[PDB]
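Below is one structure; the comments refer to it alone.
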DNA sequence: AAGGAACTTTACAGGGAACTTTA
DNA sequence: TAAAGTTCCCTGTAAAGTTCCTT
DNA sequence: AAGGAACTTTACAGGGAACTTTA
DNA sequence: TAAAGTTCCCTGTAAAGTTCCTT
C-alpha cells in the first residue's frame, strides 16, 4: 500500500549507484541507464514487495521507460546494443527533493 | 516528507468534485478539467505543503498536464478557449486503486 | 424490472471482495477471479432476482467470461487448476464510472 | 446515470424497425444491421441524452459492434458494401426478456 | 459434469542487423 | 558524419491460460 | 497570467478494391 | 467454389486540442 517505500527505494538505488560511479546517462541527460541484473539484485533486499511488484508499480506510475511487455528497453553505448532499466531523471529529481 | 498525502489529496479532490457534480471531461474521457481557482482554494486547506508545492510535485510526477513553467493548460469547450488544471484520469484511477 | 440493480450489484460485489482481499487478478489485470460459492452466496441476499437469473444477465451482457454450459470458467493459480467466476475489469470500470 | 433509459431505447428501436420490416440480419443471425441515418434520427426523439451520448454508451457496453474510432462498421449485402450500425442480438434478447 | 493431464500462449528475459535521429 | 536512439526481425522460459480426455 | 488568433489533430463520417473466412 | 465478412488503401469535416505571439 505505502507509496513512500517505492519512491524512497528509487531515490536510494540511484544515489547508491551514483556514488559507486555505476550509472550512465542518456545523450540529453533526461534518463539514467542501469543494468537490469544490478537493479533486480538491489530490489531483492527490502521485502515490502517482490522485485517484479516494485518494477510493475514503477512502470505504471511511469518512473521508468519500458518497451512493450517488458521492464527494460534497448539502448546503445559505444556502438554496442544492450538492455537497460531506464529511469526518468525528472521522476528521480522531485522524489529526491521530497525526501531532502 | 510523505508522498501519500499528495496522492490521497489528488483522489480526494476528484472524489469531492465528482459528488458536487463539478467535473468536465476531455473528448476521450482520459482527462479531467478543473478550474484553476477552485483547485488552488481546495489545496489551501491541508497544510502539509503549499498549493504551489503540491502542484509542482503533481506536474513532475505527471499526474497533471501543464504548459512549460505553469500548472495551468489551455483547453477548448464549445468553441471557446480557457485555462484549466488538467488531471490525467489514468493517474487518478491508478492511485484510487493503490489505496482501495 | 431494473438493469441498475444488476449493474450496482456487480460493482458492490467487486468493491466488497476488494476491501476484504478475497479477489485475485489475471496476469494482464484485465480480469477478476472470484470463488463460485462466495459469489453465489452474496447474490442470494438482494431478492430482485434469483442467483441464476443474475448470472444469466451478467453472462449475456458479457460482464463475466463463462465456459459452455456454466456460469464459471477454468483458471490456474500457482500451477493449480480450479473454477472461478471471471469478471471483466472493463465492465466493472465502466459500470463503476456510471455512478 | 439511469441505464434503463439506454437499454429500453435499444429494445424499442429494434422492436420499431422489426415491425416496419427495416431490419436485416447477419448470416449467423447473431447481429442486426440498421442504417446509420435511420438510427441517429430515431435517437433524436428521447431527450435524456444526445445521439452521440447514447451511441458512446452502447459502444462502451459492447451492445453494438463498431470499427476503431467509429459508431458503425462495414457490412456486405448481395455483394454491395455499406456502413451499418450493428446491434448484438444477444444484447437485444436479454434487455427484451428483462422488460417483458 | 468434473477435474486430472496436456497442450498453447504470454509476459517477462535475451540478441543480430539495419535503419532513423540527434549533437 | 558518427554515435545514440530506435525498429524490425528473430529465440528462450515458466507459469498462466486453455483444451483434451476420462470419469 | 490572460487572451486573441490561427494552426494541427482527432474521432466521427464516407468508399473502391482486394483480401480472408465461412456455408 | 462464391458471397459474407473484413481489411487495406485512401478522402472529408468540425470542433477539440495546441501553439504563436502580444499585452
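Chains as they are written, first to last, in the deposited numbering: chain A, 2 to 101; chain B, 2 to 101; chain D, 2 to 100; chain C, 2 to 101. The C-beta atom is built at its ideal place from N, Cα and C for all residues, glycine as well.
Taking a C-beta cut-off of 8 angstroms against chain A, the contacting residues of the segment 60-83 of chain B are 61, 62 and 63, listed in chain order.
For the 7 angstroms CB-CB criterion, residue 45/C and residue 52/C form a contact.
At a cut-off of 7 angstroms between beta-carbon atoms, residue 91/A makes contact with chain B.
As DSSP reads the structure, residue 72/B sits in no beta bridge. Pairing residue 74/B with residue 66/B gives a Cβ-Cβ distance under 7 angstroms. Contact between residue 19/D and residue 101/B holds, with the beta-carbon distance rounding to 7 angstroms and staying under 8 angstroms. Selection 70/D, 96/D and 79/D evaluated against residue 27/D yields 79/D as nearest (Cα-Cα).
Close to residue 100/B, with beta-carbon spacing below 8 angstroms, are these residues of chain A in chain order: 2. Distance from the Cα of residue 90/D is smallest, within the candidate group 16/D, 5/D, 2/D and 69/D, for 16/D. For residue 37/C against residue 87/C, the beta-carbon gap comes to about 10 angstroms, at or over 8 angstroms, which does not count as contact. Assigned with DSSP and collapsed to three states, residue 46/B falls in helix.
Under the three-state reduction of DSSP, residue 84/C is assigned to strand.
In this structure, 49/D is the residue among 76/D, 49/D and 68/D with its C-alpha nearest to the C-alpha of residue 4/D.
Not one beta carbon of chain B lies nearer than 7 angstroms to the beta carbon of residue 30/A. Boundaries of the alpha helix (DSSP H) around residue 5/C: 4-20.
According to the DSSP assignment, residue 93/C belongs to no beta strand (DSSP E) but to the alpha helix (DSSP H) extending over 90-99. Beyond the five residues adjoining it in sequence on each side, residue 92/B comes within less than 6 angstroms, by CB distance, of 64 in the same chain, given in chain order.
Annotation: the continuous beta strand (DSSP E) that includes residue 36/A extends over 32-36. One finds 61 and 62 in chain A with Cβ atoms closer than 8 angstroms to the Cβ of residue 95/B, taken in chain order. Looking at 58/C, 60/C and 11/C, the one whose alpha-carbon comes closest to that of residue 40/C is 11/C.
Beta-bridge pairing by DSSP links residue 63/B to no other residue. Residues of the segment 8-30 of chain C with a C-beta atom less than 7 angstroms from some C-beta of chain D are 8, listed in chain order. Each residue's CA atom was taken as its position, placing residue 94/A and residue 29/B some 31 angstroms apart. Contact note: residue 5/A reaches chain B through 3, 4 and 5, using a C-beta cutoff of 7 angstroms and chain order.
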